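The chain below stands alone and is given in structure tokens; this is the form deposited without this ligand.
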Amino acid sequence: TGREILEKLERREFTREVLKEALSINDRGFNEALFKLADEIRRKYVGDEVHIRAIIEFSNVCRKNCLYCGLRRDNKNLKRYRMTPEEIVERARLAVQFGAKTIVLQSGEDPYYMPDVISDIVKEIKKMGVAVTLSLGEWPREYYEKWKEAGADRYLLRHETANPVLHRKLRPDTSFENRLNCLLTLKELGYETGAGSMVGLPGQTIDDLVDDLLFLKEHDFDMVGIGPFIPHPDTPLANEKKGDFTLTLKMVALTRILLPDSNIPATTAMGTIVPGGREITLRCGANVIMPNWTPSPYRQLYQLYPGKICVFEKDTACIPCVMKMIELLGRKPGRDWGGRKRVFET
């Protein structure tokens, strides 16, 4: 029954059978109870602070050819850019002046920066007294080592999907096995480590989602980034169906349940498919938000949302925006860097 599954979740009887059934029920009441649960677990384990990770998308060059991704190398209908290192440090400084306690440096897999330019940049931001998160893709162990010694605190490397055949068809440059080795390496070197998947990928079944969850649980990732799949028009998946918001939201809730002291963002994709989607996610298990901090002209001063379309006046609008959001949700800003605090067990 709907009632019995919530009870198995409470006792942490996290079997394949239970996760599958929980993902299979579409009853509104069951869903609402699951979200109140995930929220209650979030309050108890990670508290009311909502942590801001300022994202600087500093280069959109990528060497890989992932099929879902607007940054894939075969996409010629994309203006490519690279910020200078100095532009980056100074932008970060501006973020820090605006209150950001974590800076995320993210890109396509762009060789130009790797490894030394990254190291020098990271060293420089760490002088600024903030946490540093990297999201640069798959690289040799030697690069992860240099960036860890350089002072990086965290690394996001979403696993996207745990079905290896699906992974290899979608990311023909690589494999799930390779992705797993990178995640493992990052964990062993002492990074705060983030994984996660897209939901509603073409060919992905509920069973695959179950496997994603079991995966996350198995490895105890510090962070889990989850969002719905959103077709990108300049890719081979332009014409595939979008991921469902409720289903993705349920993945987020379940993720909080499985990994109660972890950091779970309300991803931008979530705010893209449903109005108020980020806020909704934050009231359903999530405890982090990641505002775009990329400067013009790399970033249009234009953010589509459904119906609405936020036309901001300045480079810097989103940090104040999200602080305001956080305040209005009755949540609290982070007092510290908001890194993972491994409680709940042993």
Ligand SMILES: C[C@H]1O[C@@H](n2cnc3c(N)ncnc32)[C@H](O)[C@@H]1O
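Only residues modelled in both forms are compared. The term rigid core refers to the most C-alpha atoms you can superpose between the two forms while keeping them within 1.5 Å. All residue numbers refer to positions in the sequence shown, first residue = 1.
There is also a form deposited with this ligand bound; it is not shown, and the following applies to it.
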This ligand in the entry with it bound: within 4.5 Å of a heavy atom of each of 69, 229 and 305? yes
Distance check, residue 261 to this ligand in the entry with it bound, heavy atom within 4.5 Å: no
Is residue 222 close enough to touch this ligand in the entry with it bound, meaning at least one heavy atom pair within 4.5 Å? no
Check whether residue 198 has any heavy atom within 4.5 Å of a heavy atom of this ligand in the entry with it bound, and answer yes or no. yes
Non-hydrogen atom contact residue 119 with this ligand in the entry with it bound at 4.5 angstroms: no
So which stretch, 210-218, 119-127, 153-161, 253-261, is the one near this ligand in the entry with it bound (non-hydrogen atoms, 4.5 Å)? 153-161
Only one of 61, 301, 33, 321 shifts by 2 Å or more at CA between this form and the one not shown when the core is aligned; which is it? 301
Large Cα shift (2 Å or above) at residue 312 between this form and the one not shown, core-fitted: yes
Residue 228 and residue 309: their C-alpha distance differs by 3 angstroms or more in the entry with it bound. Do they come closer or move farther apart compared with the shown form? closer
Relative to the shown structure, Cα residue 71 and Cα residue 308 in the entry with it bound (3 Å or more change) are closer
Residue runs (3+) with all C-alpha shifts of 2 Å or more between this form and the one not shown, core-fitted, in sequence order, are 300-314, 344-346
